[PDB]
Structure formats: C-alpha cells, structure tokens
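This report concerns only the one structure given below.
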Amino acid sequence: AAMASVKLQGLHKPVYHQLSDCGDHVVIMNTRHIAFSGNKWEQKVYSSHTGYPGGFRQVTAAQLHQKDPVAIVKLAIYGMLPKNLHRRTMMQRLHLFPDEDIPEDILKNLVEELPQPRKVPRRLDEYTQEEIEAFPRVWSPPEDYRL
Amino acid sequence: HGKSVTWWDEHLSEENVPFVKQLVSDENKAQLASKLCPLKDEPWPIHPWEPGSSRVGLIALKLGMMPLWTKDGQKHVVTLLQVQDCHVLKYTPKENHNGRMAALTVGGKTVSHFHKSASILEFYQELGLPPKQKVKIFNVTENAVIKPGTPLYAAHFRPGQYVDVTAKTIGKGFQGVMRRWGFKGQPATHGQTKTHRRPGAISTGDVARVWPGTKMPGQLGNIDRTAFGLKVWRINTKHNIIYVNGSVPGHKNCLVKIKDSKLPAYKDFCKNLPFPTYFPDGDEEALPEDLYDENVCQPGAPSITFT
Amino acid sequence: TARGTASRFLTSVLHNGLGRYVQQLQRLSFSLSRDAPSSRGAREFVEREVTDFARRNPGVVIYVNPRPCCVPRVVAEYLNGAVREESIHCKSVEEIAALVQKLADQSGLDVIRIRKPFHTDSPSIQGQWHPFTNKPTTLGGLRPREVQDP
Amino acid sequence: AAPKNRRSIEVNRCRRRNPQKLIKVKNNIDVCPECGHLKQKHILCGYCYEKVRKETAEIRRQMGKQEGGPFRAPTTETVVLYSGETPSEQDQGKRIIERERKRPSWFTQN
Amino acid sequence: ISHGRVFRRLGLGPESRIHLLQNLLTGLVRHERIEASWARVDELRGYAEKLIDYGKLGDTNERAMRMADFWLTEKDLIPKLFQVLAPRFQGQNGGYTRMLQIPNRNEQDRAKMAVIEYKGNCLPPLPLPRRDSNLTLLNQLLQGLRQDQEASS
Amino acid sequence: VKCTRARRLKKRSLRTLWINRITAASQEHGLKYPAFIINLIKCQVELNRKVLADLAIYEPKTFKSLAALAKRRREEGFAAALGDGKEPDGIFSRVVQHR
Amino acid sequence: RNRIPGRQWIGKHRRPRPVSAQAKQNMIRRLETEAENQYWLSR
RNA sequence: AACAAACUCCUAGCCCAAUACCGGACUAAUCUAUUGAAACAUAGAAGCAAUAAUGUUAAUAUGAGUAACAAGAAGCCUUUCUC
RNA sequence: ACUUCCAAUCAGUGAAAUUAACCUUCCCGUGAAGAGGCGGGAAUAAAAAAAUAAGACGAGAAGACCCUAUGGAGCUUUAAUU
RNA sequence: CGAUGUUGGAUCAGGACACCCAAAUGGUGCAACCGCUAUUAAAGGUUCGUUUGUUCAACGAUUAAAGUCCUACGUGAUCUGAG
RNA sequence: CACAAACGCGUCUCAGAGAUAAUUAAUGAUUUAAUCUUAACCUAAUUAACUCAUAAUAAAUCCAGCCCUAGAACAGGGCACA
Ligand SMILES: [K+]
Ligand SMILES: [K+]
Ligand SMILES: [K+]
Ligand SMILES: [K+]
Ligand SMILES: [K+]
Ligand SMILES: [Mg+2]
Ligand SMILES: [Mg+2]
Ligand SMILES: [Mg+2]
Ligand SMILES: [Mg+2]
Ligand SMILES: [Mg+2]
Ligand SMILES: [Mg+2]
Ligand SMILES: [Mg+2]
Ligand SMILES: [Mg+2]
Ligand SMILES: [Mg+2]
Ligand SMILES: [Mg+2]
Ligand SMILES: [Mg+2]
Ligand SMILES: [Mg+2]
Ligand SMILES: [Mg+2]
Ligand SMILES: [Mg+2]
Ligand SMILES: [Mg+2]
Ligand SMILES: [Mg+2]
Ligand SMILES: [Mg+2]
Ligand SMILES: [Mg+2]
Ligand SMILES: [Mg+2]
Ligand SMILES: [Mg+2]
Ligand SMILES: [Mg+2]
Ligand SMILES: [Mg+2]
Ligand SMILES: [Mg+2]
Ligand SMILES: [Mg+2]
Ligand SMILES: [Mg+2]
Ligand SMILES: [Mg+2]
Ligand SMILES: [Mg+2]
Ligand SMILES: [Mg+2]
Ligand SMILES: [Mg+2]
Ligand SMILES: [Mg+2]
Ligand SMILES: [Mg+2]
Ligand SMILES: [Mg+2]
Ligand SMILES: [Mg+2]
Ligand SMILES: [Mg+2]
Ligand SMILES: [Mg+2]
Ligand SMILES: [Mg+2]
Ligand SMILES: [Mg+2]
Ligand SMILES: [Mg+2]
Ligand SMILES: [Mg+2]
Ligand SMILES: [Mg+2]
Ligand SMILES: [Mg+2]
Ligand SMILES: [Mg+2]
Ligand SMILES: [Mg+2]
Ligand SMILES: [Mg+2]
Ligand SMILES: [Mg+2]
Ligand SMILES: [Mg+2]
Ligand SMILES: [Mg+2]
Ligand SMILES: [Mg+2]
Ligand SMILES: [Mg+2]
Ligand SMILES: [Mg+2]
Ligand SMILES: [Mg+2]
Ligand SMILES: [Mg+2]
Ligand SMILES: [Mg+2]
Ligand SMILES: [Zn+2]
C-alpha cells in the first residue's frame, strides 16, 4: 500500500499539486497470496457497524481474507490516502485482482511494473546443489547418533 | 411539439370498434392453439433426472378456499390455485444470469394488447403470444431447460409434493404502530390523556438519536412474501386447478408464483415427478379427471367407519 | 482580500524594455486654484519644479489650468489608455514632487494583485518534464506482461 | 414546538419551487368541432352545454305556466313544438308545449 | 382499510345519505334531467336504474308501491312513474340513464359536476361526444381490412 | 483576520509544496530527498528549494546532473568512513574557501 | 472506550505519555554543551 | 540525517503583542467668525459618530400559504322537498 | 368492526409563540467536566409530501425551592422609642 | 438558578457479563438421583396475583428461569400524579 | 359481523453447510524416556454467535378517462373475449 498510495496521489510527479487532477492507475495482481508479517493473521481484526442495534461485527484478518480475497489490500490503501473528498475519486483508479486473470483491455494499458518491496526468501528445495556444497558444514555430528 | 395524448379508442369509428376487438381476439386463439404441440415443434433435448436438479415452477391464479377431510377424520383447508395461461418466455444462459444456475422466464395470464408498452408488445410479437400480466424469473439447472414458448399445465405438480408460494400480500395501507408491529396500547380510562395507540418512548436519552432499526408507523402489507412447506392434495386436469394445504399469501384473483419446496427435508423429491415438465402429447394417454392423494377422502367414497 | 478583487499576471505593455525603453507616461493636467489656501502646494510646485520637470521628461505634455476649485487634482494618462486620477489637496512641495515622480515611473497597467512575481515566454529550455522523460525503454517496446508475437 | 432558526431564502426557494409544487400543464385540450371554442376530451363543451341549458330553462318555464298548481304533473308523455309546426299522428295524446322562436338547428324533430 | 366497500359516505351519516339521494331522485323523476356533484350523481345512478325495475313490476304490486312511496317524496310523481316512465322503458334492460361530466361549476368550490338524465326525455339533446366518421383516413384503412377479410373468409 | 494568518501560512505551504516536488524528482533517479540535499550542500552548491523545484520540472537534464552530483558525493563520503579516515578528500569533496 | 478521568495532564491520574528516543538525544546534546560551558569558566 | 515557530539571519522599511486604569497624535459629520465658490483652509463652539441595554417607534421577513374559519338539496329562482 | 367532527387532495381568506449567522450527519476521544462545528476515523447526487417525539442542555415565565442584599412588606410579642 | 421539571408505575426498550434458564466442560467429602464449586458462551427468554404511592420486602399459585447493573438511578415537546 | 370486507378467540407455515471458546485425545522434538504442540506436519471429538448455500426483488420510455381486494397526495394493477 505504501508505494501504491504514492502513485494514486501523484506524489511521484514533480508537477504534483492537490488542486490538479494528476493521478495514475495502479493494477495489483496476486492479492490472495499476500504475506502478513508476524501473527497478524489471527490478531488484527477489521470491524464495522451496520447501523442497526446489535449490528457490530468484528472479523479476524484470516476470516476476512478467506471471504473477500481483495479486501485486505483495498482497506489498507483506503486508509492511507488523504482523507479529503478526492479519496473516493482516486480509489476508482485502483484495480485489484485475486490472481493473474486480467482482462485484455487492462493488460494493453500497462506501461511498467514496479519492483517488489520485499525480497522473497527461497525455500530449502529451491537451493541448487552448487549452493549447498558452497556453504560450509559448521559442525561434525558423531557417527553413532541416530537422527 | 406538444403532441396530445391518445388512446386506442380515440380515433376509432363506431363501425370499426367491434371489428378491431374481433381482429385481436381471433389472433389470440390462433396463437395460443398453435403452441399446443411442444414435442412436435422441434423441442430442446430432454435429459434424465439427476440428483440436485431443480424444475420449473408455474404462475397461477388464486380462486378461493375449500375444506378437505383426510381418512383419519382430521379437517384441512385447501386453496384453489388455477393455472390459466402459462408459457415459458425466454431462457437466460448460466453465465449471464447468476453463474451457477440458468434462469427461465414464465409469464402470467393473458391481458389486452392496448394497455401495454411498445417494447413489451414488440417482444411478444416475435415470440407469437398474447401479452401476459405478471412475469417471474425461475432458477433452473442446465439439465431441466425448456424451449421458450412451451405451454405448461397444472399437471406439472403431482399430488403428494410440497410446494412454495410467493405473491404480494394484502396491502392495508398506512397503518399505525399497534396494527403493524403489535405493540400493546396504553390504558383507555384511567386518566390517560390523548394517548391510546401511540408507540410511546422510541429511544433513550443518552444516545440522542433514533436507531435505524426502530419500529415506526408506515406502509403495511403490499410486499412480497413466501410460504414454505405447503403440501399438494388434489390436482384437477381439465380445469388446471391445484390444491395446496394451508393459506397462501395474496388476495383473491391474484397471481401466485408456485415452485417446488426448497426446504432441506423436501430435497430430491422429484425423481418420481415429470421432468422437466408434463408433456400431454408424449404420453398419448388420458390422465384421470382428478388426482387424489392417498390420504384424501374422495367425494364419491363411502362414509368413514372407525371399526 | 485576494478573493474579493481581480488579479492579473506580470505583463509589460508592448514588450517594453526589450528593444528600447519608452516612457509610458503621456500627459499630466493640473487643476489648481490661485486663491484657495488648499492649493498652496500645487502653486509652489508649478513655480519651481514644473519647469525643471519638463526638461528631464521631454516625452510628457504638462497642462496647467488655474481655475476656481476646492480640491486640486492631477490627471495622468498613459499610452495604453489608462487614466489615473490623483489628488494633491493640501500637500507640501516635496510631497508633490515625489507623487509626480512616482507617476512617471509607472507602466500604466492596473494596480491589482499580481499572481506571480515573474513572467517568461518559452521557459521549457532543454525540454519539459513528462512521465516518459525518465523511464527506460524496453527492447521492442513490450508491455510488462506482453507475449512476443513470434 | 417552535422553530430553532430562521429559514434562509436559499432553502425556501428550493422548497417553494420544487417540481411537485409547480402547476402541471394539461395536454387534453381540444377545440369543439361545432362552435370552435375550447373543451377537454372527456368533458362536454361549456359553450354548447350552456346553449342547451338556456333553452331547457325556457321550455321548463313554459311548462310551469301550463300547470298552475305546485303538485300538478302530466300523466302522459310530453312533446315540445316550435313555431310553424303542428302535432303529428304519433304525437297525439300528449301535452303540447308551444314556443314562439324558430326550431333550433341542434334540436332534431322525430 | 376500505376494501370491498361500494358505497360512499355522504352528508351527516348513513341516514342522511339516503335522504340526500331521496331528494336528488325526486328531482330526477320530475324534471328528467338534473345536474349535481359528480360523486353524488354517480351514487344516484344506481338507484335510478333499479327504480325503473320496480316500476316495471306494475301498479298493483304492493312492494313496488311501498318502495316508490318512500323515494318519491312528492306524491304527484307516483302516477307519473307507473304510467310514463315505466311504459316508456320496455325494450332495454339496463340502458335507462346517461351520465356525462359537466365542466366545473363557476363558483368558489370548483366542484366536479355531472349531468344525469333519462332516455327519451322531452328536452333538447346534450352535446354527446360523437365518434369519428367512417370516412376518416384511419377508418378507411381499417375498412380495407374488413372488406378483404370478408371476401376470403 | 484569515487573510493575514493565511499570508503567514502561504510561505509555509509553498515551501512544503517544493519539497514534495524535489522528493518526487529525486526518487525518479533512485535517490531519497534527505540524501539529495545534504550531499549537495557538501559540494558548496547553495541553491534554495524554490529554484530546485523549477529545475526539476523545466530542466529534466540539469536536475539529473545535480542528482548525479549528489550521488557521487555521497558515495565518496562512505568511502572515507569505510577506510582508516586518513584518505585524502575526494575529488568532489575538496572544500574551497574564498578569502 | 477507555477515558482519562478529568483533565488529561493534571491531577492524580494523568496520561501515560512516555519519553521518546528523540527526547533522550535532545537532553544529551544540551548536556554536552553545558559540560563545555563549565570548563571554560573553571580557570 | 531530514522535515519542522511570533525565535534568529537575508532584501527593503513607516524598526516590536495585550485585558482594567492612565498618556499622546490625528479625524468623519454639523453651525458660527474670515477665506473658499464643481465643496474647501485656519480657528472658535457643541444635542459632535451605535454589529449588541429580553432597548423605543415605524417597516419588513422566518414559522407559512402552515394552524384555523363557512353555504342542507333540486328547479321553472325563488317554489317545492330533507331535517 | 362501523359511523360523525378532525384528518389528506382541490378552491377562497389567512394568524401565533420562535429566529446571531448556518452550506444544519454518525461513532469514539477531547473539552467550562453531556459536541451537527474541535481531534482521530466513518458515511455522503439534490429536492417535495405524509408520519413517530430520542436530541437541539427544545419553546414559554430576568426560578416559586436555597443563599446573598447594613433591599421591602404582612402578622405577633416579654424587642427599642413613644 | 433571564429554569438541566423531581419518586413509582404504563408504552418501547438500547447495552454490558461479574450468567438466572437454555448449550459444552474440569473438580468433588461426584455410585445413581438431587447438589456444591470452577472455566467458556450474551443470538433468544426471564410469569400472573393479595397488602403498601411505593422501588424494596412478606405471602398465595406457577415456570426451563422469574439474573445483577448501566442508560439525565433510560423514557412526562408520549401518558399517569397515588406520593 | 344490518357492505360485497375487516377482525381473533379461528386456520396455515417456520430450514441445510462452514466456523469456533473452555475442554478431551492421537503422533512427536528441544530433554533419543515421557509429554494434546505461544515446537513443526497431519488428524479427531467439540458452546453460542457469526458467515453463507438457498429464497424474495427483476421487462427503461401505453397512460387522457373509468374501475380496483392498489392508495393520504403522488405512484401501482386492470379497461380483447367480461
Ligand atoms: K486527571
Ligand atoms: K424529538
Ligand atoms: K437551575
Ligand atoms: K439480554
Ligand atoms: K514438554
Ligand atoms: Mg388497501
Ligand atoms: Mg388496550
Ligand atoms: Mg389536559
Ligand atoms: Mg382518551
Ligand atoms: Mg451521538
Ligand atoms: Mg406510504
Ligand atoms: Mg371504494
Ligand atoms: Mg363530509
Ligand atoms: Mg361508482
Ligand atoms: Mg475530561
Ligand atoms: Mg504526564
Ligand atoms: Mg521554518
Ligand atoms: Mg505595548
Ligand atoms: Mg480577569
Ligand atoms: Mg474644523
Ligand atoms: Mg450623541
Ligand atoms: Mg443603526
Ligand atoms: Mg424572550
Ligand atoms: Mg437593539
Ligand atoms: Mg419607515
Ligand atoms: Mg409567507
Ligand atoms: Mg409545518
Ligand atoms: Mg385544517
Ligand atoms: Mg388551501
Ligand atoms: Mg446537508
Ligand atoms: Mg462526547
Ligand atoms: Mg470531526
Ligand atoms: Mg475532522
Ligand atoms: Mg401537513
Ligand atoms: Mg409532519
Ligand atoms: Mg448548538
Ligand atoms: Mg429536556
Ligand atoms: Mg428551555
Ligand atoms: Mg434572577
Ligand atoms: Mg422562600
Ligand atoms: Mg454586610
Ligand atoms: Mg433595610
Ligand atoms: Mg427603607
Ligand atoms: Mg403600611
Ligand atoms: Mg418593651
Ligand atoms: Mg436560555
Ligand atoms: Mg420501566
Ligand atoms: Mg434489551
Ligand atoms: Mg464469563
Ligand atoms: Mg445451564
Ligand atoms: Mg428518570
Ligand atoms: Mg416519570
Ligand atoms: Mg404533556
Ligand atoms: Mg422528554
Ligand atoms: Mg396528591
Ligand atoms: Mg519419544
Ligand atoms: Mg446471501
Ligand atoms: Mg398502470
Ligand atoms: Zn362547443
């Protein structure tokens, strides 16, 4: 959301000004595979009130992502944009897709892809045999121990 | 251009008003009688029944109520629902209506051409049917699709089945809070001053507002309601009359949406029923005049003896 | 306030001062009195400074019309057609000289709020910023997720 | 209850000029074929009916003079005859009303 | 909730409702053409239709005489009903009276007026709304259909 | 009253606007605003934020050189810290005093 | 839901506002300056 | 690091906040003494200045076209009916 | 349940308390200690007619309770003067 | 204090859980039944009468149970005025 | 129940899947035992909420007039054979 919020407002254009209608579309794909840091999948809760008495609903982050795949990302951006009346206008330019299923119309409008903010660590099975042999063996286990 | 309002009878001469009525009347009979061969006009393929399949309902007219007695001596009240003119109008593909089940459109009883919109009349002209009064949307699985223009009869429901009823209830206008919600009223004689049917306190002092769910006087009655778990006792063939247990919503001579019951207990109770609908031509046999449930005391049956 | 009055951009009339400088003041007309005590400042200015002022500024025409009046006035007209009324009622000799000298240095445009303290024509030297002025070009101009034709 | 503040003219103009409160135009106005005046499609012509009502009053005024009593009513049918006419064979046996003016065009003899 | 109610509340109550229609009906019998408020005239039409039915019964029937005694408040109209109105109406069954909407009264109340009259009255005819003649352009086009239809069928 | 207070705030708001434009044009070259300013002052280039914003918009090439100058100066500062501290000042880090 | 009784900066119960890392540095910077102040006044 | 004040530098100056009380310099509009004569000057005098007293008089709104008020019917027009 | 007077629509005449300006939302927190206006967030095309009275510390009477005033008066007496 | 109308009931109830009932469970000086005690859960429900102005309390009958408390000890521009 | 209706004291209908808290059990390491695991993988028994399947709503642009089991007004349903 941090880099997506900047693009929507236009804070990357040196011609930026709040009165001007400068603004750029942002297309975010693979929003079902977001990785919440720490235990925020079970601790962070999104709450809303329907207005009617007894209509206070609190939903865990895991539950909300299981029902609406794009709700987690949309709410994060929806709270980081400026709280003026332009927030509704600039949210319409944000396109979210749960997976890599984008209509051909949207694909033809793209220009460049922003780099990923977090470097994805690789699992053990993704390391090549050259890397495994390159890393030294720290210790020598005894031969008589049963693993 | 301030064009003046006009109606069909404005410019018709006295010698042509009967002629126009005859002209439209003859077209209706020719069009209706030309649809009486659903299986002889290249119908869509018919698939065998499968678990979890849904059938097509009807649009019927509520006549009235009759008492009915069962073989155990108990008394039941049945509502006479008559199917006057029922035809499937249009078919919507699965992915264009809901994404899970296809939609089949069913019309109501015949009405006059002279009091419908241009688009509505044009739509029926392409199909070749007289205009209908009420049009409802039915959710039907892909294995029970019916070619549009296929007539439907009251034999579509066999006695012993449980059906639902959806229709607009009796509108009682702008009714007070006592009638609408059932709030108790204030006493009538122990000094009460200009307060006998008012709701009273409507909120609390602290909140300083009225909650959205608060009950207040307003419109009552003219809304869509559904009745579930109504058993079918008797089916009449020549008059196309359906008997349903209990009371159905809606006033007399109204149009009622009838469908198979969606309650969990009454699931998959359509294997022993016509699928996708009753075709009189295919059977090539005459059904009984009246179809009775096994627990119904027929009018031409011997008197009940508890010996 | 700014929202109450009009505004104009910093503009020089007839591109003055680019090729040559032309004194935009055109004429002055003094309406003083020979007997009113309030016209003493005007009378002293005419006797002493008017003759010397005309020599320094040969491009202006000075009219003196001593007539019965109560409030002495000086009217200055400029080339662009703007006429500015002024009052020299009961002012000292040196105050008149400062006021007249100020009228000689004004370009004649309306005295309202100036939106910007600068004016320029064709300021986009070596190019102006557009969202494509700093983005590298991809081989073949391919979109981020575009499949190659072959 | 009493108002809390004075309503501004901006709010009042919105309420006093709402399309509901404006006068709706009428599109069912037509010219009467006989007299050329104005009438509505579903309403009898005002000028033509007033023409009939004035004549009807004169006929009824003549009848009153032919029955002096307040409780005198004919036991037979009534026929109205104008100047230059005589009762027909089918019109015999009925009371006769005489009017001096010529028979009007709109009134039709049978 | 006024579902199924075919009557209207007029005057000071159910009793005054009959008396108001009693005076109007008496005026209608004597004069054969009266004008009143459209709502009151609409109610009067129902009674005028059935009063002729009692007249057709005869001068000897006791119920008809008693029924006509109450409604005809002026006693010189009973012979008229059984000897003029009833003999005149023998052919038609329900086409006894006509109702047309007179324009609004030129007074403050601006009430909706109506004119009620008996068939074959001895008065100048009302300006009835005449239909288009068969020579009109639309009627001529439709008459072409009828001639062609009758030629083949 | 609001006219005078806004006039005081007019200078603050325009200064804030310029910094956003400078940050926007600096992030385009991969250099943050805090690094672009301190590493430019070390080159004894006394340009206020007003003219830097104008160079950002109307001088895309020149602003790149200033951004290039700041990045080169910054990389020299880290080299001295990484070393023993006895390294001679960088070719761009030499301080010239006018007297 | 949770309120600070009375005024939030006076009384027995106050706001739990903690000292920040920036505030610690400000104290040290003034302390270093004042440490130099009392050395030049020594002799 | 950075961003950040009525603080402090920079360019020009007419070169530093305020409630009760106290000090000073100017001044709108009247009349009079002399000037002035498309509306002023130096003086001398006062019924000498109103965004605020549930202020006074007069006029306007808002609440509001809202609350509330009245004529028994038909006709031949003033005669018959209903109470 | 049903009638009449009210009521709502149409035609005529047409008043009152009230009113700083209002382009007059909800929640939590703050605050002269109970916020439509502040702060953090939410909601949000504009108007009309008909209803219910939680809030605008609603409208009405310069609080009758209570205290103060070297402010009054009525009543009683073993107050003072007479 | 140029007014924040004051007990109880009637109407409508919003909320908390320190739970009276309804659901799940640990312990017992828990064999079963009837109990005592502790953890978890607030969507729904929590009676009708005699006396007192009564809230409270006593008593009769019953219920799965007749919970505690906040809401200007909710609610008089909705009613009641016994106190 | 003196309207062709309204009404109760009368009649009719009332539901599947996921998901959980305390708690219970399997496999097993830090601690080659054991051990329900703010150790991992898989898996089991299990309150109420809650969410959802599902059902209701569905036709842009005849509308003067009359009728209506539609209705304050405005809307809505009928007016071909009746
Ligand atoms: K405190
Ligand atoms: K209220
Ligand atoms: K008080
Ligand atoms: K509860
Ligand atoms: K362990
Ligand atoms: Mg109704
Ligand atoms: Mg009651
Ligand atoms: Mg009273
Ligand atoms: Mg009463
Ligand atoms: Mg609130
Ligand atoms: Mg309504
Ligand atoms: Mg009716
Ligand atoms: Mg009436
Ligand atoms: Mg009628
Ligand atoms: Mg506080
Ligand atoms: Mg503190
Ligand atoms: Mg600063
Ligand atoms: Mg000072
Ligand atoms: Mg003070
Ligand atoms: Mg003076
Ligand atoms: Mg004064
Ligand atoms: Mg004034
Ligand atoms: Mg007042
Ligand atoms: Mg005043
Ligand atoms: Mg005046
Ligand atoms: Mg007005
Ligand atoms: Mg009002
Ligand atoms: Mg009224
Ligand atoms: Mg009116
Ligand atoms: Mg608003
Ligand atoms: Mg608050
Ligand atoms: Mg706010
Ligand atoms: Mg805010
Ligand atoms: Mg009203
Ligand atoms: Mg209202
Ligand atoms: Mg306020
Ligand atoms: Mg209050
Ligand atoms: Mg008040
Ligand atoms: Mg006082
Ligand atoms: Mg007292
Ligand atoms: Mg004292
Ligand atoms: Mg005293
Ligand atoms: Mg005294
Ligand atoms: Mg005295
Ligand atoms: Mg004494
Ligand atoms: Mg007050
Ligand atoms: Mg209570
Ligand atoms: Mg509750
Ligand atoms: Mg608990
Ligand atoms: Mg329990
Ligand atoms: Mg209370
Ligand atoms: Mg009370
Ligand atoms: Mg009251
Ligand atoms: Mg109240
Ligand atoms: Mg009392
Ligand atoms: Mg082990
Ligand atoms: Mg759903
Ligand atoms: Mg319609
Ligand atoms: Zn005419």
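Ordering of the structure tokens sets the chain letters (A, B, ...); residue numbers start at 1 within each chain; ligands are numbered from 1 in the order shown.
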
**OP:** Taking only C-alpha atoms (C1' of nucleotides) and all ligand atoms into account, report as a ChimeraX atom specification which residues have an atom no farther than 12 Å from an atom of ligand 28.
**Re:** /H:66-69 /I:5-8,14

**OP:** as a PyMOL selection string, list the residues of chain F assigned to alpha helix (DSSP H) by DSSP on the backbone atoms of this structure.
**Re:** chain F and resi 2-27+33-41+49-58+60-82

Original post:
Given a cut-off of 12 Å, what residues near ligand 23 show up using only C-alpha atoms (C1' of nucleotides) and all ligand atoms, put as a VMD selection string?
Top reply: (chain H and resid 54) or (chain I and resid 17 to 19 59 to 62) or (chain J and resid 2)

Go ahead and save the picked residues with N, CA and C atoms (P, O5', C5', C4', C3', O3' and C1' of nucleotides), as a PDB file, in the first residue's frame.
ATOM      1  P     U H  54     -33.152  44.846  27.821  1.00  0.00           P
ATOM      2  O5'   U H  54     -33.831  43.931  26.709  1.00  0.00           O
ATOM      3  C5'   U H  54     -33.076  42.962  25.998  1.00  0.00           C
ATOM      4  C4'   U H  54     -33.923  41.774  25.617  1.00  0.00           C
ATOM      5  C3'   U H  54     -35.354  42.076  25.205  1.00  0.00           C
ATOM      6  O3'   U H  54     -35.459  42.516  23.862  1.00  0.00           O
ATOM      7  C1'   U H  54     -35.325  40.253  26.714  1.00  0.00           C
TER       8        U H  54
ATOM      9  P     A I  17     -45.723  36.081  17.943  1.00  0.00           P
ATOM     10  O5'   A I  17     -44.935  35.126  18.943  1.00  0.00           O
ATOM     11  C5'   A I  17     -45.192  35.159  20.337  1.00  0.00           C
ATOM     12  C4'   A I  17     -44.952  33.814  20.968  1.00  0.00           C
ATOM     13  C3'   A I  17     -43.523  33.297  20.900  1.00  0.00           C
ATOM     14  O3'   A I  17     -42.696  33.822  21.924  1.00  0.00           O
ATOM     15  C1'   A I  17     -45.003  31.602  20.194  1.00  0.00           C
ATOM     16  P     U I  18     -41.411  34.717  21.559  1.00  0.00           P
ATOM     17  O5'   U I  18     -40.515  33.761  20.655  1.00  0.00           O
ATOM     18  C5'   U I  18     -40.015  32.532  21.160  1.00  0.00           C
ATOM     19  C4'   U I  18     -39.505  31.651  20.049  1.00  0.00           C
ATOM     20  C3'   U I  18     -38.278  32.158  19.309  1.00  0.00           C
ATOM     21  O3'   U I  18     -37.068  31.858  19.984  1.00  0.00           O
ATOM     22  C1'   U I  18     -39.914  31.481  17.747  1.00  0.00           C
ATOM     23  P     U I  19     -35.903  32.959  20.093  1.00  0.00           P
ATOM     24  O5'   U I  19     -35.269  32.997  18.634  1.00  0.00           O
ATOM     25  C5'   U I  19     -34.620  31.858  18.088  1.00  0.00           C
ATOM     26  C4'   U I  19     -34.345  32.039  16.617  1.00  0.00           C
ATOM     27  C3'   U I  19     -33.544  33.273  16.238  1.00  0.00           C
ATOM     28  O3'   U I  19     -32.146  33.077  16.373  1.00  0.00           O
ATOM     29  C1'   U I  19     -35.437  33.087  14.829  1.00  0.00           C
ATOM     30  P     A I  59     -35.134  26.806  24.366  1.00  0.00           P
ATOM     31  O5'   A I  59     -36.607  27.281  23.990  1.00  0.00           O
ATOM     32  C5'   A I  59     -36.903  27.765  22.690  1.00  0.00           C
ATOM     33  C4'   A I  59     -38.375  28.042  22.525  1.00  0.00           C
ATOM     34  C3'   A I  59     -39.030  28.848  23.633  1.00  0.00           C
ATOM     35  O3'   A I  59     -38.803  30.241  23.516  1.00  0.00           O
ATOM     36  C1'   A I  59     -40.373  26.977  23.128  1.00  0.00           C
ATOM     37  P     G I  60     -38.450  31.116  24.817  1.00  0.00           P
ATOM     38  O5'   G I  60     -39.819  31.165  25.626  1.00  0.00           O
ATOM     39  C5'   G I  60     -40.986  31.723  25.043  1.00  0.00           C
ATOM     40  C4'   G I  60     -42.220  31.374  25.833  1.00  0.00           C
ATOM     41  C3'   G I  60     -42.250  31.861  27.272  1.00  0.00           C
ATOM     42  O3'   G I  60     -42.661  33.213  27.378  1.00  0.00           O
ATOM     43  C1'   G I  60     -42.906  29.589  27.186  1.00  0.00           C
ATOM     44  P     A I  61     -41.591  34.370  27.688  1.00  0.00           P
ATOM     45  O5'   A I  61     -41.641  34.525  29.271  1.00  0.00           O
ATOM     46  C5'   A I  61     -42.799  35.027  29.919  1.00  0.00           C
ATOM     47  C4'   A I  61     -42.814  34.660  31.381  1.00  0.00           C
ATOM     48  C3'   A I  61     -41.575  35.041  32.176  1.00  0.00           C
ATOM     49  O3'   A I  61     -41.593  36.392  32.604  1.00  0.00           O
ATOM     50  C1'   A I  61     -42.171  32.801  32.654  1.00  0.00           C
ATOM     51  P     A I  62     -40.450  37.412  32.127  1.00  0.00           P
ATOM     52  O5'   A I  62     -39.123  36.862  32.812  1.00  0.00           O
ATOM     53  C5'   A I  62     -37.883  37.534  32.626  1.00  0.00           C
ATOM     54  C4'   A I  62     -36.764  36.890  33.408  1.00  0.00           C
ATOM     55  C3'   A I  62     -36.895  36.974  34.926  1.00  0.00           C
ATOM     56  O3'   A I  62     -36.270  35.827  35.504  1.00  0.00           O
ATOM     57  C1'   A I  62     -34.934  38.087  34.253  1.00  0.00           C
TER      58        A I  62
ATOM     59  P     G J   2     -31.516  33.310  36.624  1.00  0.00           P
ATOM     60  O5'   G J   2     -32.547  33.737  35.488  1.00  0.00           O
ATOM     61  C5'   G J   2     -32.649  32.996  34.282  1.00  0.00           C
ATOM     62  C4'   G J   2     -33.367  33.783  33.216  1.00  0.00           C
ATOM     63  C3'   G J   2     -32.953  33.492  31.782  1.00  0.00           C
ATOM     64  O3'   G J   2     -33.617  32.360  31.246  1.00  0.00           O
ATOM     65  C1'   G J   2     -33.011  35.832  32.138  1.00  0.00           C
TER      66        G J   2
END

**OP:** Restrict the distance test to only C-alpha atoms, flag each residue of chain E within 6 Å of chain D, and return the flagged residues as a VMD selection string.
**Re:** chain E and resid 76 80 84 101 to 102 122 124

**OP:** Could you report the residues within 9 Å of ligand 45, using only C-alpha atoms (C1' of nucleotides) and all ligand atoms, as number ranges by chain?
**Re:** I: 77-80

Original post:
Within 9 Å of residue 41 of chain E, counting only C-alpha atoms (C1' of nucleotides), which residues qualify if same-chain residues fewer than 6 places away don't, as an MDAnalysis selection string?
Top reply: chainID E and resid 21 24 35 99 113:116

**OP:** Identify all chain A residues at most 7 Å from chain B by counting only C-alpha atoms; ligands do not count. Present them as a ChimeraX atom specification.
**Re:** /A:51-53
